[PDB]
Amino acid sequence: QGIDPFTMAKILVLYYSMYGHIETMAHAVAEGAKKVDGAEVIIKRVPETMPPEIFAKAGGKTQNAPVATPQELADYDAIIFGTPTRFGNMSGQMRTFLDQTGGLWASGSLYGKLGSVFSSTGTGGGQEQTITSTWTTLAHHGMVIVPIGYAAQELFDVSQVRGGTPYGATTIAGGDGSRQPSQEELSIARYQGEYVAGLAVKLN
Amino acid sequence: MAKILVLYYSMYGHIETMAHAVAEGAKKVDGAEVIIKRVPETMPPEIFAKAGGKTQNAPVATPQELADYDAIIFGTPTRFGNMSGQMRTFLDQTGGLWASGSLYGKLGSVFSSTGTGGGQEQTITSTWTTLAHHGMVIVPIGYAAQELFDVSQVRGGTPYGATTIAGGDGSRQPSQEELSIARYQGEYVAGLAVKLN
Amino acid sequence: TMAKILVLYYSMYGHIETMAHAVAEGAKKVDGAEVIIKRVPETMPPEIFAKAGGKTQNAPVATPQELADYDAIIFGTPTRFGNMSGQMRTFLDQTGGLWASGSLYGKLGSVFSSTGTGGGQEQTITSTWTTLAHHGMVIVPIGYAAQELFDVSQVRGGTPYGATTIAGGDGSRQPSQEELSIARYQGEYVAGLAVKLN
Amino acid sequence: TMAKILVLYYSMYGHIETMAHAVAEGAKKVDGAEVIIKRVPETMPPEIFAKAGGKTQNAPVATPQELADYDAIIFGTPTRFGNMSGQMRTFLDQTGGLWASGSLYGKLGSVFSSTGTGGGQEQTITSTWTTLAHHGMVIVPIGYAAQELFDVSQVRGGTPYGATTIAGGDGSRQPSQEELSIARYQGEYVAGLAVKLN
Ligand SMILES: Cc1cc2nc3c(=O)[nH]c(=O)nc-3n(C[C@H](O)[C@H](O)[C@H](O)COP(=O)(O)O)c2cc1C
Ligand SMILES: Cc1cc2nc3c(=O)[nH]c(=O)nc-3n(C[C@H](O)[C@H](O)[C@H](O)COP(=O)(O)O)c2cc1C
Ligand SMILES: Cc1cc2nc3c(=O)[nH]c(=O)nc-3n(C[C@H](O)[C@H](O)[C@H](O)COP(=O)(O)O)c2cc1C
Ligand SMILES: Cc1cc2nc3c(=O)[nH]c(=O)nc-3n(C[C@H](O)[C@H](O)[C@H](O)COP(=O)(O)O)c2cc1C
Ligand SMILES: Nc1cc(Br)cc(Br)c1O
Ligand SMILES: Nc1cc(Br)cc(Br)c1O
Ligand SMILES: Nc1cc(Br)cc(Br)c1O
Ligand SMILES: Nc1cc(Br)cc(Br)c1O
């Protein structure tokens, strides 16, 4: 072949988002990952599970990213998972999708690849538990779990409300969803993307 | 005098069997009214048939009715160390209950199942997180169940809640020891529900 | 008279201690609740604690054995990289005797924490819950009864898992009225539950 | 030598100690991996160590400061009610200096544990991961590469989160061939990743 000699690592940013907050974060993660020379980055969402009429009546945000299949997760060197919280877990849509990776699991297709997580909540509560409980699933697949620690200097500033934890980037949407991701939350997300992507390139 | 819901998800019947022992234990408590209900299957029916999903007798619960009980005992098989998507999808539809505080202060407790043991604890504790967001009182079982001191044989069950080991191929049935722990969990939670009423 | 509540804490620079007093004040609003505050023993040498500027504290030091004398224990700890502090862990490491005799079984347990920057405040509470579970304690989260948990206009601790406070990177931040109010609710709620169960 | 691996453990009755040697043995299979086993200092007074009958240990004692000298650290600890041991917690509580200078950032971390009767072996590993995360370490689970994890015909430790052993309530179980083999894999896997990252 010789098809694509310049790509060094492939990064999938896979997310679920209903009102677009994770969607916004996923784009910042991808922007950070694209800063690594040789990192090929693609954004994909998991399929919606609620009936289309019920997504419409709820005002769900239509999204441009392609819908991911479970099988193609095996094509990537690193997967960065984004999900809103549902009472301190990942969303049902993300859970249902990951529940379909059993074929990958049985063949060890995700073993040793890099995994990393970012989340969103309305009022903050559960933002850590959501990431940490997602790591468990990465572990069963044998993925290397990449936290972000305190490299992002924004994390030392507690003068304002802001998402972002050493476990991964987060954003706070507000109870009514009106809060948009801040520059500092987006800067943490970008760091997570670039950090993971650099690691994927180093491992290849 | 007290009402116990045993709410479960099951594909191959292992959780279903545990749920019946949990309910059996809960029925030993005078004044406890106990009912078993399942979470709705979410996968397409042709795929459940092809996968050999087990036909089950219990009626399906709706999300709104969780508020009618004094204690809810949640059963779920593990999916990579979480509750199943089916259980997650159902609990994701309890937001109305959450906003009105309808589950607040009620007793919640959890039991699980795995193929080879791994993840059985993470499944229970990560479910507890959701119970906490609803403000439910979280009931572990500790070491009241004496089977938990015996490590001479393969046996599910943890201080966090009852568990069973199905085997990689699903062929293992819940043992007498695992069912006894599940029964204990049911009886303990129900007695607590009666005392609080 | 009707229920005995222990507010058991560890504190280095006084933030948890301040939270502990608010937790106890909340529990004291329940008629019939006897509430006492105690701390776990310091583990670092006294001279090194002084050089680090540790806060001197009046509460009596608890012993492991006396935990069995209470109906509900509300545990306070600062975070150490997302767990309970070494001091608290060392203390709970001495409760195996209570574990072997089921002395804490079925009692109410509840947790509140403190961090410099928020990160880890949830993991600290939840990983403490694990220890309470091994003792068979009934775990009491607070959910969202405290309306202060809905206001994201200002930095403030408190989670559905239990009350928390944000000390700041340099520890100069004091617990806010909203953080104390969430702590007060936690105390009152747990104390109310202990009374109902007796 | 291409990478330096620290196997850092705490052990009271020798179970983690046995496991730690198998972990190191696995890591020494990787060409260029320099592997050393070290223990965290005991915290209880010697008179109480004697009455509890603690098993004396030959491995050198580690300092908090030297953790920055390694490319990968594999932490072993017995469980205490579903957390890491107080001794391990106390030791890691003194890595605050390492934290402020980012000295452990990006290094590989991995965990193995021990219990009497199984319960808590997973919570001990995952709650240890939290601390590694605050330090910005890369967290290495083992997944299901070790075939022994599919065999449920006999009592056996080991999880996708890390190797474990079951000592028995009275400590009479010694780590089995299968559990040590999982531990050997963990060491070999981590060491290979450490070499690749250098
Ligand atoms: C079922 C359900 C449970 C929720 N649980 C929480 C929660 O525990 N904590 C929280 O802050 N927000 C919670 N929310 C608020 C959602 O997290 C919020 O709308 C979401 O993060 C928005 O992200 P998105 O635009 O990417 O969908 C919940 C929402 C629903 C619908
Ligand atoms: C998507 C998927 C993920 C699974 N993850 C795990 C696991 O992490 N650990 C495990 O021991 N078994 C796992 N299994 C085995 C299941 O838990 C097992 O079939 C189940 O507990 C049977 O319970 P049931 O009869 O009620 O369905 C998994 C199965 C599926 C389909
Ligand atoms: C060893 C150590 C580890 C710490 N880890 C964290 C942390 O993970 N997250 C955080 O926000 N603060 C952390 N801090 C900040 C302390 O948690 C903070 O000073 C404490 O909550 C103050 O409470 P106190 O006055 O009751 O001691 C840590 C401090 C030390 C000494
Ligand atoms: C304070 C204390 C707490 C313990 N908690 C647990 C536990 O939660 N689960 C368990 O199986 N064993 C528990 N045990 C049994 C210990 O983990 C067990 O003896 C240990 O793993 C042996 O490892 P070692 O020889 O390396 O010390 C506990 C023992 C003590 C002293
Ligand atoms: N039996 C089984 C099946 C899947 Br898919 C994942 C795991 Br982990 C299992 O143990
Ligand atoms: N939007 C929203 C929904 C639920 Br359910 C819980 C919380 Br907290 C939220 O902020
Ligand atoms: N062996 C053992 C000792 C204590 Br103390 C607690 C537990 Br839980 C145990 O398994
Ligand atoms: N303030 C603070 C101090 C240490 Br040491 C660790 C963390 Br993480 C913190 O947030």
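Taken in sequence, the protein lines are chains D, A, B and C.
Numbering follows PDB author numbering, in which position 64 of the first sequence is assigned residue number 57; successive positions increment by one, without gaps.
Numbering follows PDB author numbering, in which position 77 of the second sequence is assigned residue number 77; successive positions increment by one, without gaps.
Numbering follows PDB author numbering, in which position 158 of the third sequence is assigned residue number 157; successive positions increment by one, without gaps.
Numbering follows PDB author numbering, in which position 73 of the fourth sequence is assigned residue number 72; successive positions increment by one, without gaps.
We treat Cβ as the ideally placed atom computed from N, Cα and C, and that holds for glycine.
Discussion item. Considering only heavy atoms of ligand 6, does any lie closer than 6 Å to the CB of residue 128 (chain C)?
Written reply: Checking the Cβ of residue 128 (chain C) against ligand 6 gives no.
Note to self: Between residue 114 (chain B) and ligand 7, is there a pair consisting of the residue's CB and a ligand heavy atom that are separated by less than 6 Å?
What the structure shows: Not under cutoff, so the answer is no.
Less than 7 Å between CB atoms is the rule here; does residue 4 (chain D) satisfy it with respect to chain C? no
- Task: Report the residue from D:158, D:195 and D:182 whose alpha carbon sits nearest the alpha carbon of residue 119 (chain D).
- Result: D:158
Can you look up residue 65 (chain C) in the DSSP assignment and give me helix, strand or coil? It is helical.
| query | Hey, quick one: how far does the alpha helix (DSSP H) through residue 8 (chain C) stretch, first residue to last? | reply | Not the alpha helix (DSSP H): residue 8 (chain C) falls in the beta strand (DSSP E), residues 2 to 8.
message = With DSSP as the reference, identify every bridge partner of residue 111 (chain A), one or two as the case may be.
response = A:75
Examine chain C for any beta-carbon lying closer than 7 Å to the beta-carbon of residue 137 (chain D), and answer yes or no. yes
**Asked** What residues in its chain sit with their C-beta under 8 Å from that of residue 4 (chain A), if we drop five residues either side in the sequence?
**Response** 23, 26, 32, 33, 34, 35, 69, 70, 71, 72, 73, 186, 189, 190 and 193
Under a Cβ-count criterion, where at least 16 other Cβ atoms within 10 Å of its own Cβ denotes burial, should residue 2 (chain C) be classed as buried or exposed?
buried
Would residue 76 (chain B) pass as a contact of residue 122 (chain C) if the rule is Cβ separation under 7 Å? no
- Closer than 6 Å: is that where the CB of residue 160 (chain A) sits relative to any heavy atom of ligand 2? no
_Distance, residue 138 (chain C) Cα to residue 54 (chain D) Cα_ = 34 Å
Cα-Cα separation, residue 181 (chain C) to residue 147 (chain C): 7 Å
Margin query: Across the stretch 8 to 22 of chain C and the stretch 36 to 48 of chain B, are there enough close Cβ pairs to call them in contact, namely three or more that are closer than 8 Å?
Written below: By the C-beta criterion, the stretch 8 to 22 of chain C is judged not to be in contact with the stretch 36 to 48 of chain B, since fewer than 3 inter-stretch pairs fall below 8 Å.
Please compile the residues from chain D whose C-beta is within a distance smaller than 7 Å of the C-beta of residue 163 (chain B).
Chain D residues near residue 163 (chain B): none, gap ~11 Å exceeds 7 Å.
| message | Give me the DSSP bridge partner(s) of residue 161 (chain A). | response | A:158
- Query: How long is the line joining the alpha carbons of residue 169 (chain A) and residue 50 (chain D), rounded to whole angstroms?
  - Reply: Rounded to the nearest angstrom, the two C-alpha atoms are 42 Å apart.
Review point. Can you find a heavy atom of ligand 6 that lies under 6 Å from the Cβ of residue 13 (chain D)?
Key: no
* Report all residues from its chain with a CB closer than 8 Å to the CB of residue 48 (chain C); omit the five preceding and five following residues, and keep chain order. => 41
Please tell me whether residue 78 (chain B) and residue 116 (chain B) are closer than 7 Å, where the distance is taken between their beta carbons.
no
Could you check whether the Cβ of residue 89 (chain C) sits closer than 7 Å to any Cβ belonging to chain B? yes
Leaving out five residues before and five after residue 81 (chain A) in sequence, what residues of the same chain have Cβ atoms less than 8 Å from its Cβ? 118, 119, 122, 123 and 126
Is there contact between the stretch 162 to 176 of chain D and the stretch 80 to 95 of chain D, where contact requires at least three CB pairs shorter than 8 Å?
-> no
**OP:** Determine, using beta carbons only, whether residue 154 (chain C) comes closer than 7 Å to chain A.
**Re:** yes
message = Considering only the alpha carbon of each residue, which of B:156, B:150 and B:174 lies closest to residue 12 (chain B)?
response = That would be B:174, whose Cα lies nearest to the Cα of residue 12 (chain B).
Next on the checklist: Only counting the same chain, and skipping five residues up and downstream in sequence, which positions put a Cβ closer than 7 Å to that of residue 87 (chain B)?
Outcome noted: 9, 39 and 76
Q.
Are there any heavy atoms of ligand 3 lying less than 6 Å away from the beta-carbon of residue 155 (chain D), as far as the coordinates show?
A. No, Cβ of residue 155 (chain D) sits at least 6 Å from all heavy atoms of ligand 3.
Any heavy atom of ligand 8 closer than 6 Å to the CB of residue 85 (chain B)? Checking every heavy atom of ligand 8 against the Cβ of residue 85 (chain B), none is found closer than 6 Å.
Reference residue 108 (chain B); option with closest CA among B:17, B:95, B:67 and B:100: Closest option to residue 108 (chain B), Cα to Cα, is B:67.
| field | Interface positions of the stretch 113 to 146 of chain A facing chain C (Cβ-Cβ less than 9 Å), listed along the chain | value | Residues passing the 9 Å Cβ filter: 115, 116, 117, 118, 119, 120, 121, 122, 125 and 143.
Exercise. Can residue 103 (chain B) and residue 134 (chain B) be called in contact, C-beta distance under 7 Å?
Worked result: yes
Quick one: does residue 168 (chain C) have its CB under 7 Å from some CB of chain B?
no
Below 8 Å on the Cβ atoms is my guess for residue 183 (chain C) versus residue 21 (chain C); work out the distance and round it to an integer in Å. 5 Å
Tell me the DSSP secondary structure of residue 33 (chain B) in three-state form. In this structure, residue 33 (chain B) counts as strand in the three-state DSSP scheme.
- Are the C-beta atoms of residue 79 (chain A) and some chain D residue less than 7 Å apart? It does; some Cβ of chain D falls within 7 Å.
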